[PDB]
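Q: Pasting a structure below so you can have a look.
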Amino acid sequence: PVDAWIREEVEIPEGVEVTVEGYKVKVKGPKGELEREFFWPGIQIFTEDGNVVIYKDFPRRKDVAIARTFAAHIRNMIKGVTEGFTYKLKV
RNA sequence: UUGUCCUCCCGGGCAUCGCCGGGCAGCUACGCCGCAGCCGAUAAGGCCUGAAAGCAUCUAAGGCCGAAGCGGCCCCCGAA
């Protein structure tokens, strides 16, 4: 194990409410609702105060990578639900 | 229609069916009719999201397309 435990936090802005049931996380905001199932053996996701916490005991390199990508995905959900995304293409 | 025999005529036997021309039915080909391009998942490859590795990155987790190849539609045998 690279460390005793790993704990990644994702802050929740005022306009967004985040809920977790089992291994599936819901993010609701003024623009819509988003879902996703984040599963990895040993990683547990819960909401504490105003943050979403991805936590694991005695993680390894791959576990750390998985936790970081999960945090990035949750941040992407919050970003999309609170302003959304726009792509530009040139013909 | 040739040779021969039944005496001759008609009518017949044999000579590869005696030989030659034609020939329906049947069988045949050299004849004629019939043989779908659509769904599903993939290989190489082309991409999205994304960290390990505050950036980057098609890959580590996750997702989308993608072969005369693979599975189904189709045909034949099939209640030991």
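How things are named: the first chain in the structure tokens is A, the next is B, and so on; residues count from 1 in each chain; ligands count from 1 in the order shown.
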Hey, list the chain B side of the contact with chain A: 12 Å cut-off, only C-alpha atoms (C1' of nucleotides), answer as a list in words.
A: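 Result: residues 49, 50, 51, 52, 53, 54, 59, 60, 61 and 62 of chain B.
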Q: How would the residues just picked look written out with N, CA and C atoms (P, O5', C5', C4', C3', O3' and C1' of nucleotides) as a PDB file, in the first residue's frame?
A:
ATOM      1  P     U B  49     -12.906  14.644 -24.838  1.00  0.00           P
ATOM      2  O5'   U B  49     -13.308  13.841 -23.526  1.00  0.00           O
ATOM      3  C5'   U B  49     -14.542  14.092 -22.872  1.00  0.00           C
ATOM      4  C4'   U B  49     -14.712  13.215 -21.658  1.00  0.00           C
ATOM      5  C3'   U B  49     -13.579  13.248 -20.646  1.00  0.00           C
ATOM      6  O3'   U B  49     -13.639  14.365 -19.781  1.00  0.00           O
ATOM      7  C1'   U B  49     -14.175  11.010 -21.080  1.00  0.00           C
ATOM      8  P     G B  50     -12.285  15.019 -19.220  1.00  0.00           P
ATOM      9  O5'   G B  50     -11.548  13.811 -18.491  1.00  0.00           O
ATOM     10  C5'   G B  50     -12.060  13.264 -17.286  1.00  0.00           C
ATOM     11  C4'   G B  50     -11.209  12.122 -16.793  1.00  0.00           C
ATOM     12  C3'   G B  50      -9.733  12.429 -16.599  1.00  0.00           C
ATOM     13  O3'   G B  50      -9.459  13.089 -15.377  1.00  0.00           O
ATOM     14  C1'   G B  50      -9.953  10.420 -17.805  1.00  0.00           C
ATOM     15  P     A B  51      -8.316  14.217 -15.305  1.00  0.00           P
ATOM     16  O5'   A B  51      -7.031  13.429 -14.794  1.00  0.00           O
ATOM     17  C5'   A B  51      -6.711  13.374 -13.413  1.00  0.00           C
ATOM     18  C4'   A B  51      -6.491  11.959 -12.938  1.00  0.00           C
ATOM     19  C3'   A B  51      -5.053  11.557 -12.673  1.00  0.00           C
ATOM     20  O3'   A B  51      -4.564  12.036 -11.435  1.00  0.00           O
ATOM     21  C1'   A B  51      -6.145   9.841 -13.872  1.00  0.00           C
ATOM     22  P     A B  52      -2.998  12.333 -11.250  1.00  0.00           P
ATOM     23  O5'   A B  52      -2.343  10.885 -11.166  1.00  0.00           O
ATOM     24  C5'   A B  52      -2.742   9.965 -10.163  1.00  0.00           C
ATOM     25  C4'   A B  52      -2.221   8.581 -10.449  1.00  0.00           C
ATOM     26  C3'   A B  52      -0.716   8.459 -10.611  1.00  0.00           C
ATOM     27  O3'   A B  52      -0.028   8.407  -9.374  1.00  0.00           O
ATOM     28  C1'   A B  52      -1.781   7.327 -12.378  1.00  0.00           C
ATOM     29  P     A B  53       1.440   9.044  -9.229  1.00  0.00           P
ATOM     30  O5'   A B  53       1.408  10.333 -10.160  1.00  0.00           O
ATOM     31  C5'   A B  53       2.385  11.357 -10.018  1.00  0.00           C
ATOM     32  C4'   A B  53       2.360  12.322 -11.176  1.00  0.00           C
ATOM     33  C3'   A B  53       0.968  12.754 -11.629  1.00  0.00           C
ATOM     34  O3'   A B  53       1.015  14.100 -12.096  1.00  0.00           O
ATOM     35  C1'   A B  53       2.073  11.683 -13.414  1.00  0.00           C
ATOM     36  P     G B  54       1.029  15.312 -11.046  1.00  0.00           P
ATOM     37  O5'   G B  54      -0.450  15.895 -11.118  1.00  0.00           O
ATOM     38  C5'   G B  54      -0.871  16.657 -12.242  1.00  0.00           C
ATOM     39  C4'   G B  54      -2.019  17.572 -11.899  1.00  0.00           C
ATOM     40  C3'   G B  54      -2.184  18.769 -12.833  1.00  0.00           C
ATOM     41  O3'   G B  54      -3.568  19.070 -13.007  1.00  0.00           O
ATOM     42  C1'   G B  54      -1.832  19.531 -10.625  1.00  0.00           C
ATOM     43  P     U B  59      -4.026   6.215 -23.906  1.00  0.00           P
ATOM     44  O5'   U B  59      -4.407   4.838 -23.203  1.00  0.00           O
ATOM     45  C5'   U B  59      -3.468   4.130 -22.402  1.00  0.00           C
ATOM     46  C4'   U B  59      -4.115   2.960 -21.703  1.00  0.00           C
ATOM     47  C3'   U B  59      -4.668   1.885 -22.638  1.00  0.00           C
ATOM     48  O3'   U B  59      -4.645   0.596 -22.016  1.00  0.00           O
ATOM     49  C1'   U B  59      -6.437   2.829 -21.405  1.00  0.00           C
ATOM     50  P     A B  60      -3.330   0.011 -21.295  1.00  0.00           P
ATOM     51  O5'   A B  60      -3.662   0.179 -19.746  1.00  0.00           O
ATOM     52  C5'   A B  60      -5.005   0.073 -19.295  1.00  0.00           C
ATOM     53  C4'   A B  60      -5.131   0.210 -17.800  1.00  0.00           C
ATOM     54  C3'   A B  60      -6.555   0.212 -17.267  1.00  0.00           C
ATOM     55  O3'   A B  60      -7.124  -1.079 -17.170  1.00  0.00           O
ATOM     56  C1'   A B  60      -5.364   1.986 -16.286  1.00  0.00           C
ATOM     57  P     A B  61      -8.539  -1.377 -17.867  1.00  0.00           P
ATOM     58  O5'   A B  61      -9.585  -0.560 -16.987  1.00  0.00           O
ATOM     59  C5'   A B  61      -9.821  -0.918 -15.636  1.00  0.00           C
ATOM     60  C4'   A B  61     -10.914  -0.090 -15.005  1.00  0.00           C
ATOM     61  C3'   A B  61     -12.172   0.138 -15.823  1.00  0.00           C
ATOM     62  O3'   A B  61     -13.029  -0.986 -15.884  1.00  0.00           O
ATOM     63  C1'   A B  61     -11.536   2.155 -14.780  1.00  0.00           C
ATOM     64  P     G B  62     -13.799  -1.331 -17.253  1.00  0.00           P
ATOM     65  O5'   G B  62     -14.563   0.018 -17.629  1.00  0.00           O
ATOM     66  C5'   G B  62     -15.664   0.462 -16.852  1.00  0.00           C
ATOM     67  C4'   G B  62     -16.249   1.759 -17.362  1.00  0.00           C
ATOM     68  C3'   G B  62     -16.788   1.765 -18.781  1.00  0.00           C
ATOM     69  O3'   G B  62     -18.046   1.130 -18.922  1.00  0.00           O
ATOM     70  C1'   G B  62     -15.526   3.717 -18.424  1.00  0.00           C
TER      71        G B  62
END
Q: Suppose you want the space between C1' of residue 1 in chain B and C1' of residue 13 in chain B; what is it in Å?
A: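 Here the two named atoms are 17.6 Å from each other.
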Q: Name the residues in contact with range 70-79 of chain B at a cut-off of 8 Å, using only C-alpha atoms (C1' of nucleotides), excluding same-chain residues fewer than 6 positions from it; report them as a PyMOL selection string.
A: chain B and resi 36+40+42
Q: Got a sec to tell me which of chain A DSSP assigns to helix (DSSP H, G or I), as a list in words?
A: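 Here is the list: residues 61, 62, 63, 64, 65, 66, 67, 68, 69, 70, 71, 72, 73, 74, 75, 76, 77, 78, 79, 80, 81 and 82 of chain A.
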Q: Report the distance between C1' of residue 37 in chain B and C1' of residue 67 in chain B in Å, rounded to one decimal place.
A: 15.8 Å
Q: Any idea what's packed within 8 Å of residue 60 in chain A, counting only C-alpha atoms (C1' of nucleotides), ignoring anything in its chain fewer than 4 positions away? Could you give it as a PDB file with N, CA, C and O atoms, in the first residue's frame?
A:
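Printed below is part.pdb as written:
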ATOM      1  N   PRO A   1       0.812  -1.222   0.000  1.00  0.00           N
ATOM      2  CA  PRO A   1       0.000   0.000   0.000  1.00  0.00           C
ATOM      3  C   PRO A   1       0.844   1.270   0.000  1.00  0.00           C
ATOM      4  O   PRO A   1       1.847   1.344   0.707  1.00  0.00           O
ATOM      5  N   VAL A   2       0.435   2.260  -0.794  1.00  0.00           N
ATOM      6  CA  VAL A   2       1.192   3.503  -0.885  1.00  0.00           C
ATOM      7  C   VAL A   2       0.942   4.419   0.303  1.00  0.00           C
ATOM      8  O   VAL A   2       1.746   5.324   0.555  1.00  0.00           O
ATOM      9  N   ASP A   3      -0.148   4.218   1.037  1.00  0.00           N
ATOM     10  CA  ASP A   3      -0.480   5.071   2.168  1.00  0.00           C
ATOM     11  C   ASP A   3      -1.470   4.326   3.050  1.00  0.00           C
ATOM     12  O   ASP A   3      -2.056   3.319   2.646  1.00  0.00           O
ATOM     13  N   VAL A  64      -5.443   4.429  -6.232  1.00  0.00           N
ATOM     14  CA  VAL A  64      -5.314   5.883  -6.223  1.00  0.00           C
ATOM     15  C   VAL A  64      -5.751   6.458  -7.561  1.00  0.00           C
ATOM     16  O   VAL A  64      -6.465   7.469  -7.621  1.00  0.00           O
TER      17      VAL A  64
END
Q: List the spatial neighbours of residue 36 in chain A as a list in words - criterion: any atom at most 7 Å away, only C-alpha atoms (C1' of nucleotides), same-chain residues fewer than 2 positions off excluded.
A: residues 24, 25, 26 and 38 of chain A
Q: For the residues in that selection, give me N, CA, C and O atoms as a compact mmCIF listing (two decimals), in the first residue's frame.
A:
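For reference, again37.txt as written:
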# COMPACT_ATOMS: atom_id res chain seq x y z
N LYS A 24 -24.16 4.16 -6.75
CA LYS A 24 -24.62 5.10 -7.77
C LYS A 24 -24.78 6.48 -7.16
O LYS A 24 -25.31 6.61 -6.05
N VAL A 25 -24.32 7.50 -7.88
CA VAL A 25 -24.33 8.88 -7.41
C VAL A 25 -25.19 9.71 -8.36
O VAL A 25 -25.08 9.56 -9.59
N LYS A 26 -26.05 10.55 -7.78
CA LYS A 26 -26.91 11.47 -8.48
C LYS A 26 -26.49 12.90 -8.16
O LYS A 26 -26.21 13.23 -7.01
N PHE A 38 -20.36 4.41 -9.83
CA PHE A 38 -18.92 4.39 -9.59
C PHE A 38 -18.63 3.22 -8.67
O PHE A 38 -18.86 3.30 -7.46
